[PDB]
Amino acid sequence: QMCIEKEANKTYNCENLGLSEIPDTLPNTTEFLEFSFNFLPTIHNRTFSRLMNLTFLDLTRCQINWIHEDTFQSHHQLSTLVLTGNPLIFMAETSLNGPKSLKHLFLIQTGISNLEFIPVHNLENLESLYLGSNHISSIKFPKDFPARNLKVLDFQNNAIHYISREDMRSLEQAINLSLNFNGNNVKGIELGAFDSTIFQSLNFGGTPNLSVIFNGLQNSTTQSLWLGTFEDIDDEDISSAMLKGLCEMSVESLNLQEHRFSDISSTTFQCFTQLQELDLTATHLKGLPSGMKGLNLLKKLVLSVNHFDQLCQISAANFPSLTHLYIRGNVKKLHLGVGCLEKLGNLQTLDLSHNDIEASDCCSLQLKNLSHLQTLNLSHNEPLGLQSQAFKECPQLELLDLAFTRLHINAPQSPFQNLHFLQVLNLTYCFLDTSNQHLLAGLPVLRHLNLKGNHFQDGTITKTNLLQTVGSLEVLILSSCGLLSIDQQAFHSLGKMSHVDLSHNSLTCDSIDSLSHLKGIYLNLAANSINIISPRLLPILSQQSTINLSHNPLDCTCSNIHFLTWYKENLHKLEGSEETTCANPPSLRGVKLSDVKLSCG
(Lines of atoms letter the chains of each structure in order from A and count residues from 1; the text may use other names and numbers.)
(Lines give C-alpha, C1' and ligand atoms only; values in the text may rest on other atoms or scores of the structure.)
Protein backbone atom coordinates (compact mmCIF):
# COMPACT_ATOMS: atom_id res chain seq x y z
CA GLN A 1 0.00 0.00 0.00
CA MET A 2 -0.12 1.82 -2.19
CA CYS A 3 0.41 1.78 -5.96
CA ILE A 4 1.67 4.80 -7.93
CA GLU A 5 -0.92 6.21 -10.35
CA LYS A 6 0.32 7.30 -13.79
CA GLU A 7 -2.92 7.54 -15.83
CA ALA A 8 -6.64 7.74 -15.01
CA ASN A 9 -7.91 4.16 -14.52
CA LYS A 10 -5.21 3.03 -16.99
CA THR A 11 -1.57 2.83 -15.79
CA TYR A 12 -0.38 1.80 -12.31
CA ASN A 13 2.99 0.91 -10.78
CA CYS A 14 3.11 -1.57 -7.88
CA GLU A 15 6.86 -2.31 -7.99
CA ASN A 16 8.65 -3.47 -4.83
CA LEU A 17 5.52 -3.52 -2.66
CA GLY A 18 5.93 -7.18 -1.59
CA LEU A 19 2.29 -8.00 -2.37
CA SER A 20 0.88 -11.55 -2.31
CA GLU A 21 -2.09 -10.58 -4.50
CA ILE A 22 -3.54 -7.85 -6.71
CA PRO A 23 -4.77 -4.95 -4.52
CA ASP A 24 -8.57 -4.76 -4.50
CA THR A 25 -8.13 -0.95 -4.61
CA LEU A 26 -6.91 -1.03 -8.24
CA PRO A 27 -9.70 -0.15 -10.75
CA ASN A 28 -11.30 -2.75 -13.07
CA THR A 29 -10.17 -0.97 -16.26
CA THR A 30 -6.40 -1.13 -15.56
CA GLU A 31 -4.57 -1.76 -18.84
CA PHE A 32 -0.87 -1.20 -18.04
CA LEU A 33 0.31 -2.83 -14.80
CA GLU A 34 3.86 -2.86 -13.39
CA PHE A 35 3.80 -5.63 -10.77
CA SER A 36 7.50 -6.56 -10.73
CA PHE A 37 9.36 -7.50 -7.52
CA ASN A 38 6.26 -8.70 -5.66
CA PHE A 39 5.42 -12.17 -4.28
CA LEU A 40 3.39 -14.61 -6.36
CA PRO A 41 4.69 -18.21 -5.86
CA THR A 42 1.71 -19.59 -7.80
CA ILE A 43 -0.53 -17.74 -10.26
CA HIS A 44 -3.88 -19.24 -11.30
CA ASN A 45 -7.31 -18.69 -12.81
CA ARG A 46 -8.21 -16.30 -9.96
CA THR A 47 -5.08 -14.15 -9.37
CA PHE A 48 -5.59 -11.55 -12.15
CA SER A 49 -9.21 -12.53 -13.00
CA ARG A 50 -10.76 -9.21 -11.87
CA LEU A 51 -8.51 -7.07 -14.11
CA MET A 52 -9.98 -8.40 -17.37
CA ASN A 53 -8.82 -5.44 -19.51
CA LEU A 54 -5.06 -5.90 -18.96
CA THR A 55 -2.86 -5.31 -22.03
CA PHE A 56 0.59 -5.12 -20.42
CA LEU A 57 1.62 -7.35 -17.51
CA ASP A 58 5.09 -7.17 -15.95
CA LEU A 59 5.63 -9.98 -13.44
CA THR A 60 9.44 -9.69 -13.20
CA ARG A 61 11.11 -11.32 -10.18
CA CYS A 62 7.81 -12.21 -8.50
CA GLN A 63 9.20 -15.59 -7.39
CA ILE A 64 6.70 -17.46 -9.56
CA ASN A 65 7.01 -21.25 -9.47
CA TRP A 66 3.69 -22.32 -10.98
CA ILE A 67 1.51 -20.94 -13.72
CA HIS A 68 -1.62 -23.10 -13.57
CA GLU A 69 -4.38 -23.96 -16.03
CA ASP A 70 -6.40 -21.11 -17.59
CA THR A 71 -4.52 -18.34 -15.74
CA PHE A 72 -5.10 -15.79 -18.52
CA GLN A 73 -8.40 -17.15 -19.91
CA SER A 74 -10.31 -13.94 -19.09
CA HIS A 75 -7.60 -11.60 -20.40
CA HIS A 76 -8.52 -11.42 -24.08
CA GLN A 77 -6.71 -8.11 -24.58
CA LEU A 78 -3.32 -9.09 -23.09
CA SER A 79 -0.53 -8.18 -25.51
CA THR A 80 2.64 -8.27 -23.36
CA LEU A 81 3.66 -10.73 -20.62
CA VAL A 82 6.97 -10.29 -18.75
CA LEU A 83 8.01 -13.30 -16.64
CA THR A 84 11.78 -12.55 -16.54
CA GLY A 85 13.71 -13.86 -13.52
CA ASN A 86 11.04 -16.18 -12.15
CA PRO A 87 12.08 -19.65 -10.84
CA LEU A 88 9.41 -21.32 -13.01
CA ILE A 89 9.10 -25.05 -12.35
CA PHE A 90 6.14 -25.80 -14.66
CA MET A 91 3.69 -24.00 -16.94
CA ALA A 92 0.30 -25.60 -17.58
CA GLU A 93 -0.73 -26.47 -21.14
CA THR A 94 -3.58 -23.92 -21.16
CA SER A 95 -1.78 -21.41 -18.91
CA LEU A 96 -1.40 -18.86 -21.76
CA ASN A 97 -4.76 -19.46 -23.49
CA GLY A 98 -7.16 -16.50 -23.47
CA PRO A 99 -5.50 -13.44 -25.06
CA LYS A 100 -6.79 -12.93 -28.62
CA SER A 101 -3.43 -11.58 -29.75
CA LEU A 102 -0.52 -12.16 -27.36
CA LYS A 103 2.35 -10.37 -29.10
CA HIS A 104 5.25 -10.19 -26.62
CA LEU A 105 6.56 -12.88 -24.29
CA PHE A 106 9.58 -12.45 -21.97
CA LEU A 107 10.91 -15.71 -20.47
CA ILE A 108 14.43 -14.47 -19.67
CA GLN A 109 16.40 -16.27 -16.93
CA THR A 110 13.59 -18.65 -15.92
CA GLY A 111 15.78 -21.77 -15.72
CA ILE A 112 14.43 -23.21 -19.00
CA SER A 113 16.49 -26.19 -20.20
CA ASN A 114 14.08 -27.67 -22.74
CA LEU A 115 12.21 -25.59 -25.36
CA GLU A 116 9.27 -27.96 -24.80
CA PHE A 117 8.70 -26.03 -21.54
CA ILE A 118 6.79 -23.27 -23.38
CA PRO A 119 3.02 -23.91 -23.84
CA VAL A 120 2.58 -23.97 -27.61
CA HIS A 121 -1.07 -23.53 -28.62
CA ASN A 122 -1.49 -19.80 -28.08
CA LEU A 123 1.77 -18.49 -29.54
CA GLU A 124 0.35 -17.91 -33.05
CA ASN A 125 0.25 -14.11 -32.77
CA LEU A 126 3.66 -13.88 -31.06
CA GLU A 127 5.89 -11.11 -32.45
CA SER A 128 8.63 -11.30 -29.79
CA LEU A 129 10.06 -14.29 -27.93
CA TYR A 130 12.78 -13.53 -25.37
CA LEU A 131 14.50 -16.68 -24.08
CA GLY A 132 17.84 -15.29 -22.87
CA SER A 133 19.99 -16.34 -19.90
CA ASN A 134 18.50 -19.84 -19.61
CA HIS A 135 19.94 -23.38 -19.97
CA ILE A 136 19.39 -23.56 -23.72
CA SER A 137 22.03 -25.26 -25.90
CA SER A 138 19.73 -26.10 -28.83
CA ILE A 139 17.40 -23.72 -30.69
CA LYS A 140 15.35 -26.64 -32.05
CA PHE A 141 11.72 -25.84 -31.26
CA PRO A 142 9.09 -28.57 -30.93
CA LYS A 143 6.78 -29.15 -33.92
CA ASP A 144 3.41 -27.36 -33.75
CA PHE A 145 5.20 -24.19 -32.55
CA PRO A 146 4.17 -21.24 -34.78
CA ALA A 147 6.72 -18.75 -36.13
CA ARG A 148 4.84 -16.95 -38.96
CA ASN A 149 4.25 -13.70 -36.99
CA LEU A 150 7.60 -13.89 -35.15
CA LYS A 151 9.93 -10.90 -35.70
CA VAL A 152 12.29 -11.00 -32.69
CA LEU A 153 13.84 -14.21 -31.35
CA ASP A 154 16.36 -13.56 -28.57
CA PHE A 155 18.76 -16.21 -27.25
CA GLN A 156 21.23 -13.82 -25.57
CA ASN A 157 23.54 -15.37 -22.97
CA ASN A 158 22.73 -19.05 -23.50
CA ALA A 159 24.97 -22.02 -24.31
CA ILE A 160 24.26 -22.61 -28.00
CA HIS A 161 27.40 -24.12 -29.58
CA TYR A 162 25.97 -25.71 -32.72
CA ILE A 163 23.22 -24.76 -35.20
CA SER A 164 21.84 -27.47 -37.50
CA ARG A 165 19.44 -27.61 -40.47
CA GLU A 166 16.66 -29.13 -38.36
CA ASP A 167 17.31 -26.50 -35.68
CA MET A 168 16.59 -23.81 -38.29
CA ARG A 169 13.72 -25.60 -40.07
CA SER A 170 11.51 -24.90 -37.05
CA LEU A 171 11.80 -21.25 -38.17
CA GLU A 172 11.13 -21.55 -41.95
CA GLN A 173 7.70 -19.91 -41.59
CA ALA A 174 9.35 -16.67 -40.39
CA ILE A 175 10.49 -13.80 -42.63
CA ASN A 176 12.42 -10.66 -41.62
CA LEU A 177 13.35 -12.39 -38.37
CA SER A 178 15.76 -10.87 -35.88
CA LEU A 179 17.80 -13.60 -34.20
CA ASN A 180 20.05 -12.69 -31.27
CA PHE A 181 22.85 -15.14 -30.40
CA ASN A 182 24.83 -12.54 -28.40
CA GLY A 183 26.87 -14.03 -25.52
CA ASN A 184 26.92 -17.61 -26.83
CA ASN A 185 29.72 -19.94 -27.95
CA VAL A 186 28.94 -21.00 -31.53
CA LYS A 187 31.83 -23.20 -32.66
CA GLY A 188 30.01 -24.99 -35.49
CA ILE A 189 27.16 -24.42 -37.95
CA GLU A 190 25.76 -26.99 -40.38
CA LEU A 191 26.75 -25.76 -43.84
CA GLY A 192 23.82 -23.83 -45.33
CA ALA A 193 21.60 -23.91 -42.24
CA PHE A 194 20.43 -20.35 -42.92
CA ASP A 195 19.51 -21.09 -46.57
CA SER A 196 16.85 -18.96 -48.32
CA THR A 197 15.70 -17.70 -44.89
CA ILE A 198 15.34 -13.90 -44.86
CA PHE A 199 16.56 -12.22 -41.67
CA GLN A 200 16.23 -8.66 -40.37
CA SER A 201 19.12 -8.91 -37.86
CA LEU A 202 21.63 -11.57 -36.90
CA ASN A 203 23.72 -10.95 -33.79
CA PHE A 204 26.71 -13.15 -32.98
CA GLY A 205 28.26 -10.84 -30.38
CA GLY A 206 31.25 -12.36 -28.58
CA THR A 207 31.33 -15.33 -30.96
CA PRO A 208 34.61 -17.31 -30.66
CA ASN A 209 35.32 -17.84 -34.39
CA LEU A 210 34.25 -15.40 -37.13
CA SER A 211 35.09 -17.96 -39.85
CA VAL A 212 32.46 -20.41 -38.53
CA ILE A 213 29.78 -17.70 -38.72
CA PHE A 214 30.72 -16.51 -42.24
CA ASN A 215 31.03 -20.04 -43.67
CA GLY A 216 27.81 -21.12 -41.94
CA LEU A 217 25.91 -18.08 -43.24
CA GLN A 218 26.53 -19.14 -46.87
CA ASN A 219 23.61 -18.41 -49.24
CA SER A 220 21.71 -16.44 -46.54
CA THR A 221 19.97 -13.04 -46.70
CA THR A 222 20.10 -10.56 -43.81
CA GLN A 223 19.88 -6.76 -43.53
CA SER A 224 22.06 -6.41 -40.45
CA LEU A 225 24.91 -8.57 -39.14
CA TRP A 226 26.42 -7.79 -35.74
CA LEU A 227 29.73 -9.55 -35.21
CA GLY A 228 31.37 -7.28 -32.63
CA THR A 229 33.34 -8.49 -29.64
CA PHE A 230 33.88 -6.82 -26.24
CA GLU A 231 36.60 -5.46 -23.93
CA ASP A 232 36.25 -8.48 -21.60
CA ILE A 233 36.45 -11.12 -24.38
CA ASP A 234 39.76 -12.31 -25.87
CA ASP A 235 39.68 -12.74 -29.65
CA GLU A 236 42.05 -13.83 -32.37
CA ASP A 237 43.04 -11.18 -34.91
CA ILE A 238 40.88 -10.89 -38.03
CA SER A 239 42.69 -12.04 -41.17
CA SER A 240 41.30 -11.42 -44.66
CA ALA A 241 41.06 -15.22 -45.06
CA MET A 242 38.39 -15.16 -42.32
CA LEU A 243 36.34 -12.58 -44.24
CA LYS A 244 36.10 -14.59 -47.51
CA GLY A 245 32.66 -16.06 -46.72
CA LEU A 246 31.10 -12.61 -47.17
CA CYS A 247 31.15 -13.06 -50.97
CA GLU A 248 28.77 -16.01 -50.58
CA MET A 249 26.38 -13.84 -48.53
CA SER A 250 23.69 -11.18 -48.89
CA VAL A 251 24.57 -8.51 -46.29
CA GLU A 252 23.55 -4.85 -46.09
CA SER A 253 25.11 -3.68 -42.79
CA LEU A 254 28.04 -5.13 -40.82
CA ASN A 255 29.49 -4.43 -37.36
CA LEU A 256 32.97 -5.60 -36.33
CA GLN A 257 33.52 -3.54 -33.16
CA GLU A 258 36.35 -4.15 -30.64
CA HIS A 259 38.08 -6.55 -33.07
CA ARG A 260 41.71 -6.28 -34.09
CA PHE A 261 42.93 -6.64 -37.68
CA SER A 262 45.87 -8.82 -38.67
CA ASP A 263 48.04 -6.85 -41.13
CA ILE A 264 45.42 -4.58 -42.75
CA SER A 265 45.91 -4.42 -46.55
CA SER A 266 44.39 -3.46 -49.93
CA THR A 267 42.47 -6.74 -50.38
CA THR A 268 41.29 -7.07 -46.75
CA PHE A 269 37.80 -5.82 -47.65
CA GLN A 270 37.47 -7.36 -51.14
CA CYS A 271 34.31 -9.31 -50.20
CA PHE A 272 32.53 -6.16 -48.97
CA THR A 273 31.15 -5.17 -52.41
CA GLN A 274 27.46 -5.72 -51.56
CA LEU A 275 27.70 -3.82 -48.26
CA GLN A 276 25.99 -0.47 -47.58
CA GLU A 277 27.14 0.16 -44.00
CA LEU A 278 30.34 -0.80 -42.19
CA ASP A 279 30.98 -0.19 -38.49
CA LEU A 280 34.61 -0.48 -37.38
CA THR A 281 34.32 1.15 -33.95
CA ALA A 282 37.28 0.58 -31.60
CA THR A 283 39.10 -1.67 -34.10
CA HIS A 284 42.58 -0.42 -33.06
CA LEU A 285 43.02 1.31 -36.43
CA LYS A 286 46.12 3.50 -36.90
CA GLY A 287 44.93 4.15 -40.45
CA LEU A 288 43.64 2.54 -43.63
CA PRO A 289 45.76 1.74 -46.72
CA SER A 290 45.13 3.44 -50.06
CA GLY A 291 43.80 1.58 -53.12
CA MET A 292 41.47 -0.51 -50.98
CA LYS A 293 39.25 -2.88 -52.96
CA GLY A 294 35.57 -3.64 -52.29
CA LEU A 295 34.52 -0.41 -50.55
CA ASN A 296 33.78 1.62 -53.70
CA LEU A 297 30.00 1.48 -53.18
CA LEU A 298 29.83 1.80 -49.37
CA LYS A 299 27.37 4.45 -48.12
CA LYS A 300 27.96 4.62 -44.32
CA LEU A 301 31.21 4.16 -42.40
CA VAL A 302 31.82 4.29 -38.65
CA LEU A 303 35.48 4.72 -37.63
CA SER A 304 34.80 5.95 -34.09
CA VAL A 305 37.10 5.21 -31.12
CA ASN A 306 40.23 4.47 -33.19
CA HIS A 307 43.86 5.67 -33.14
CA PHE A 308 44.19 8.14 -36.01
CA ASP A 309 46.55 11.13 -35.78
CA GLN A 310 45.29 12.93 -38.89
CA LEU A 311 42.11 12.66 -40.99
CA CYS A 312 44.18 11.80 -44.07
CA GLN A 313 45.17 8.48 -42.45
CA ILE A 314 41.66 7.10 -43.14
CA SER A 315 42.45 7.23 -46.90
CA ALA A 316 39.07 8.60 -48.02
CA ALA A 317 39.77 7.89 -51.72
CA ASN A 318 38.71 4.32 -50.87
CA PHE A 319 35.12 5.46 -50.26
CA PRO A 320 33.89 7.64 -53.17
CA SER A 321 30.25 6.60 -52.63
CA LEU A 322 30.13 7.54 -48.92
CA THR A 323 27.17 9.63 -47.75
CA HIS A 324 27.70 9.24 -43.98
CA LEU A 325 31.00 9.37 -42.10
CA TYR A 326 31.21 8.91 -38.32
CA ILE A 327 34.56 9.47 -36.57
CA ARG A 328 33.59 10.03 -32.95
CA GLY A 329 35.78 9.89 -29.84
CA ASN A 330 39.18 9.16 -31.37
CA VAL A 331 41.50 7.81 -28.64
CA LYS A 332 44.28 10.21 -29.69
CA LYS A 333 44.03 13.96 -30.33
CA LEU A 334 42.78 14.24 -33.90
CA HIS A 335 44.17 16.73 -36.42
CA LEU A 336 42.00 17.65 -39.38
CA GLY A 337 44.81 18.30 -41.88
CA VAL A 338 44.28 20.01 -45.24
CA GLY A 339 41.61 18.70 -47.63
CA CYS A 340 41.71 15.16 -46.23
CA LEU A 341 38.09 14.52 -47.19
CA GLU A 342 38.15 16.31 -50.59
CA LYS A 343 37.58 13.06 -52.54
CA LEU A 344 34.26 12.45 -50.72
CA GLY A 345 31.96 14.23 -53.19
CA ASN A 346 28.72 12.50 -52.20
CA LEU A 347 29.11 12.99 -48.42
CA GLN A 348 26.01 14.34 -46.65
CA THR A 349 26.67 13.71 -42.93
CA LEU A 350 29.99 14.13 -41.09
CA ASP A 351 30.40 13.50 -37.35
CA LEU A 352 33.74 14.61 -35.87
CA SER A 353 32.67 15.04 -32.23
CA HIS A 354 34.73 14.20 -29.12
CA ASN A 355 38.07 14.19 -30.93
CA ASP A 356 39.99 17.00 -29.14
CA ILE A 357 40.20 18.74 -32.53
CA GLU A 358 42.06 22.04 -32.36
CA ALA A 359 42.35 24.46 -35.29
CA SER A 360 43.44 28.10 -35.17
CA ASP A 361 41.96 28.76 -38.64
CA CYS A 362 38.80 26.85 -39.60
CA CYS A 363 37.31 25.37 -41.65
CA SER A 364 37.94 26.12 -45.36
CA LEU A 365 41.15 24.10 -45.83
CA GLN A 366 39.80 21.31 -43.62
CA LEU A 367 36.38 20.68 -45.18
CA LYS A 368 37.65 21.27 -48.73
CA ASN A 369 35.33 20.03 -51.51
CA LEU A 370 32.51 18.89 -49.17
CA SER A 371 29.84 20.56 -51.33
CA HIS A 372 27.07 18.01 -50.62
CA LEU A 373 27.40 18.12 -46.84
CA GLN A 374 24.14 18.76 -44.96
CA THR A 375 24.97 17.67 -41.40
CA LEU A 376 28.17 18.62 -39.58
CA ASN A 377 28.98 17.61 -36.00
CA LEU A 378 32.03 19.34 -34.50
CA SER A 379 30.85 19.44 -30.86
CA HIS A 380 32.93 18.39 -27.81
CA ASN A 381 36.21 19.50 -29.32
CA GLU A 382 38.99 21.89 -28.33
CA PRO A 383 38.71 25.58 -29.41
CA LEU A 384 38.22 26.54 -33.07
CA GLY A 385 39.29 29.83 -34.63
CA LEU A 386 36.53 30.77 -37.05
CA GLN A 387 37.19 33.05 -40.02
CA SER A 388 34.39 35.04 -41.67
CA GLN A 389 32.75 32.55 -44.04
CA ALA A 390 34.25 29.69 -42.00
CA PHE A 391 31.97 27.20 -43.77
CA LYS A 392 32.39 28.39 -47.37
CA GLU A 393 33.16 24.83 -48.52
CA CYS A 394 29.81 23.51 -47.19
CA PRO A 395 27.16 25.78 -48.74
CA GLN A 396 24.45 23.09 -48.62
CA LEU A 397 24.74 22.61 -44.83
CA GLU A 398 21.43 22.27 -42.93
CA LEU A 399 22.54 21.38 -39.40
CA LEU A 400 25.71 22.55 -37.63
CA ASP A 401 26.53 21.15 -34.19
CA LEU A 402 29.27 23.06 -32.37
CA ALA A 403 28.07 22.50 -28.78
CA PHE A 404 30.70 22.65 -26.00
CA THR A 405 33.39 23.71 -28.51
CA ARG A 406 34.74 27.21 -27.72
CA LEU A 407 34.75 29.47 -30.79
CA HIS A 408 37.24 32.29 -31.34
CA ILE A 409 35.36 34.75 -33.53
CA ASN A 410 36.55 38.32 -34.20
CA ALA A 411 34.24 41.35 -34.14
CA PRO A 412 32.45 42.11 -36.38
CA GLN A 413 32.98 38.97 -38.51
CA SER A 414 30.24 36.53 -39.53
CA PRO A 415 31.65 32.97 -39.63
CA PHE A 416 28.31 31.40 -40.64
CA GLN A 417 27.85 33.82 -43.56
CA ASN A 418 26.64 32.32 -46.87
CA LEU A 419 25.08 29.26 -45.22
CA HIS A 420 21.79 30.05 -46.98
CA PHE A 421 20.34 26.62 -46.19
CA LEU A 422 21.18 26.33 -42.48
CA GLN A 423 18.17 25.44 -40.30
CA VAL A 424 19.71 24.16 -37.05
CA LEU A 425 22.63 25.77 -35.18
CA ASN A 426 23.72 24.43 -31.79
CA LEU A 427 26.15 26.71 -29.96
CA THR A 428 25.67 25.64 -26.32
CA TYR A 429 28.71 26.55 -24.19
CA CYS A 430 30.72 27.98 -27.11
CA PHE A 431 31.73 31.02 -25.00
CA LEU A 432 30.57 33.39 -27.75
CA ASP A 433 31.00 37.15 -27.65
CA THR A 434 27.30 38.01 -27.80
CA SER A 435 28.08 41.74 -28.25
CA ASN A 436 29.04 40.97 -31.87
CA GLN A 437 25.84 42.09 -33.61
CA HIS A 438 26.88 40.51 -36.94
CA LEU A 439 27.65 37.07 -35.50
CA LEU A 440 24.52 35.37 -36.88
CA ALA A 441 24.35 37.32 -40.16
CA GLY A 442 24.04 35.54 -43.51
CA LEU A 443 21.60 32.87 -42.28
CA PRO A 444 18.34 33.82 -44.02
CA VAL A 445 16.58 30.49 -43.34
CA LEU A 446 17.73 29.66 -39.77
CA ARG A 447 14.86 28.34 -37.61
CA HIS A 448 16.51 26.59 -34.63
CA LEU A 449 19.18 28.31 -32.57
CA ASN A 450 20.70 27.08 -29.30
CA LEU A 451 22.58 29.73 -27.33
CA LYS A 452 22.55 27.82 -24.01
CA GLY A 453 25.43 28.56 -21.62
CA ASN A 454 26.39 31.86 -23.25
CA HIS A 455 27.04 35.14 -21.42
CA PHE A 456 25.38 38.46 -22.14
CA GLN A 457 26.53 41.98 -21.23
CA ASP A 458 25.06 42.97 -17.82
CA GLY A 459 23.10 39.70 -17.93
CA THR A 460 20.52 41.41 -20.14
CA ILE A 461 19.16 41.26 -23.70
CA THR A 462 18.64 44.83 -24.96
CA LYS A 463 16.58 46.04 -27.96
CA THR A 464 19.57 45.89 -30.32
CA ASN A 465 20.87 42.33 -29.99
CA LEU A 466 22.24 39.19 -31.71
CA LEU A 467 18.87 37.81 -32.78
CA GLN A 468 17.79 40.72 -35.00
CA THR A 469 19.45 39.10 -38.06
CA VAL A 470 17.51 35.84 -37.57
CA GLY A 471 13.97 36.93 -38.55
CA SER A 472 13.00 33.37 -39.54
CA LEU A 473 13.65 31.84 -36.11
CA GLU A 474 11.13 29.35 -34.69
CA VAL A 475 13.02 27.56 -31.90
CA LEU A 476 15.15 29.62 -29.50
CA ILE A 477 17.04 28.25 -26.50
CA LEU A 478 18.54 30.71 -24.01
CA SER A 479 18.75 28.50 -20.92
CA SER A 480 21.64 28.85 -18.43
CA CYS A 481 22.67 32.26 -19.79
CA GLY A 482 22.62 34.01 -16.40
CA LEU A 483 19.95 36.41 -17.65
CA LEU A 484 18.56 38.98 -15.20
CA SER A 485 16.27 40.78 -17.68
CA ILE A 486 15.04 40.80 -21.30
CA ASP A 487 13.97 44.04 -23.05
CA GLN A 488 10.28 44.08 -24.06
CA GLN A 489 11.38 44.70 -27.68
CA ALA A 490 14.30 42.22 -27.78
CA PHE A 491 12.26 39.62 -29.72
CA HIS A 492 10.36 42.06 -31.99
CA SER A 493 12.14 41.02 -35.18
CA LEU A 494 11.30 37.38 -34.35
CA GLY A 495 7.66 37.12 -35.40
CA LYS A 496 7.66 33.39 -36.22
CA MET A 497 8.80 31.92 -32.88
CA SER A 498 6.92 28.91 -31.48
CA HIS A 499 9.49 27.57 -28.98
CA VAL A 500 11.18 29.76 -26.40
CA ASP A 501 13.35 28.21 -23.65
CA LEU A 502 14.44 30.66 -20.95
CA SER A 503 14.95 28.16 -18.12
CA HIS A 504 17.76 28.24 -15.51
CA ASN A 505 18.21 32.00 -15.48
CA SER A 506 17.35 34.75 -12.97
CA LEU A 507 14.36 36.31 -14.74
CA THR A 508 11.34 37.83 -13.01
CA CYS A 509 7.77 38.42 -14.29
CA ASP A 510 8.99 41.42 -16.35
CA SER A 511 10.45 38.94 -18.86
CA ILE A 512 6.97 37.92 -20.09
CA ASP A 513 6.60 41.38 -21.71
CA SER A 514 9.00 40.34 -24.50
CA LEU A 515 6.46 37.76 -25.70
CA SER A 516 3.27 39.88 -26.04
CA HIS A 517 3.58 39.81 -29.85
CA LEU A 518 3.51 36.00 -29.95
CA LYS A 519 0.75 33.35 -29.87
CA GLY A 520 0.59 29.55 -29.48
CA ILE A 521 4.18 29.01 -28.31
CA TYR A 522 5.94 26.62 -25.95
CA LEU A 523 7.28 28.83 -23.16
CA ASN A 524 9.88 27.53 -20.71
CA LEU A 525 10.39 29.83 -17.73
CA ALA A 526 11.53 27.09 -15.33
CA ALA A 527 14.23 27.53 -12.64
CA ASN A 528 14.07 31.35 -12.62
CA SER A 529 13.29 34.08 -10.04
CA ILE A 530 9.57 34.50 -10.72
CA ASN A 531 7.45 35.17 -7.63
CA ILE A 532 4.59 37.56 -8.49
CA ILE A 533 3.07 37.64 -11.98
CA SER A 534 0.99 40.83 -12.31
CA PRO A 535 -2.50 40.39 -13.91
CA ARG A 536 -1.42 42.56 -16.88
CA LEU A 537 0.87 39.71 -18.01
CA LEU A 538 -1.84 37.02 -17.82
CA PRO A 539 -3.41 37.66 -21.28
CA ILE A 540 0.09 37.25 -22.76
CA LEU A 541 0.24 33.86 -21.02
CA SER A 542 -3.28 33.03 -22.27
CA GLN A 543 -2.08 33.54 -25.87
CA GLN A 544 0.40 30.66 -25.56
CA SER A 545 -0.26 26.95 -26.02
CA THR A 546 2.05 25.49 -23.33
CA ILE A 547 3.86 27.08 -20.35
CA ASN A 548 6.38 25.76 -17.80
CA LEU A 549 6.77 27.69 -14.53
CA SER A 550 8.22 24.96 -12.26
CA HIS A 551 11.07 25.50 -9.78
CA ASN A 552 10.24 29.16 -9.42
CA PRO A 553 10.14 30.88 -6.01
CA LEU A 554 6.43 31.56 -6.60
CA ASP A 555 4.33 33.72 -4.29
CA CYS A 556 1.21 32.10 -2.85
CA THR A 557 -0.25 35.15 -1.08
CA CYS A 558 -3.04 37.61 -1.94
CA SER A 559 -0.55 39.86 -3.78
CA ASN A 560 -0.39 37.13 -6.44
CA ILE A 561 -4.10 36.25 -6.45
CA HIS A 562 -4.90 36.83 -10.14
CA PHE A 563 -2.27 34.40 -11.39
CA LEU A 564 -3.25 31.68 -8.88
CA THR A 565 -6.85 31.61 -10.13
CA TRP A 566 -5.45 31.71 -13.68
CA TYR A 567 -3.14 28.80 -12.85
CA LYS A 568 -5.98 26.45 -11.87
CA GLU A 569 -8.08 27.44 -14.91
CA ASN A 570 -5.27 26.85 -17.43
CA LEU A 571 -3.97 23.52 -16.06
CA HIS A 572 -4.10 22.00 -19.56
CA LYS A 573 -1.55 24.56 -20.73
CA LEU A 574 0.93 23.76 -17.93
CA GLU A 575 4.06 21.59 -18.15
CA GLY A 576 5.76 20.30 -14.99
CA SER A 577 2.67 21.11 -12.93
CA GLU A 578 3.77 18.94 -9.98
CA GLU A 579 7.15 20.72 -9.80
CA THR A 580 5.47 24.14 -9.53
CA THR A 581 5.51 25.00 -5.80
CA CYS A 582 5.24 28.06 -3.52
CA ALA A 583 8.18 29.72 -1.77
CA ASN A 584 6.12 32.09 0.39
CA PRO A 585 4.35 32.15 2.81
CA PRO A 586 6.73 29.88 4.82
CA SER A 587 3.47 28.08 5.65
CA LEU A 588 3.15 26.80 2.06
CA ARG A 589 6.81 26.23 1.14
CA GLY A 590 6.87 23.06 -0.98
CA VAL A 591 3.12 22.98 -1.65
CA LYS A 592 1.99 22.66 -5.30
CA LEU A 593 0.10 25.68 -6.71
CA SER A 594 -2.78 23.45 -7.86
CA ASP A 595 -3.60 22.67 -4.21
CA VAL A 596 -3.69 26.35 -3.20
CA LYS A 597 -7.13 27.95 -2.70
CA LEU A 598 -6.97 31.50 -1.32
CA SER A 599 -9.66 34.01 -0.30
CA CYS A 600 -9.71 37.83 -0.31
CA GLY A 601 -12.84 39.62 -1.56
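Numbering starts at 1 and follows the sequence shown.
Looking at mean Cα B-factors across 375-383 and 262-270, the upper value is held by 262-270.
243-251 and 102-110 differ in mean CA B-factor, and the higher of the two is recorded for 243-251. Highest C-alpha temperature factor among 324, 332, 406, 165 per the entry: 165. Residue 292: CA B factor in the highest third of modelled residues in this chain (values from the PDB entry). For residue 119, the recorded CA B-factor ranks within the middle third of the chain. Only modelled residues enter the ranking. Sorting the modelled residues of the chain by their CA temperature factor places residue 84 in the lowest third. Among the modelled residues of its chain, residue 62 has a C-alpha B-factor that falls in the lowest third, as given in the PDB entry. Among the modelled residues of its chain, residue 205 has a C-alpha B-factor that falls in the lowest third according to the deposited record.
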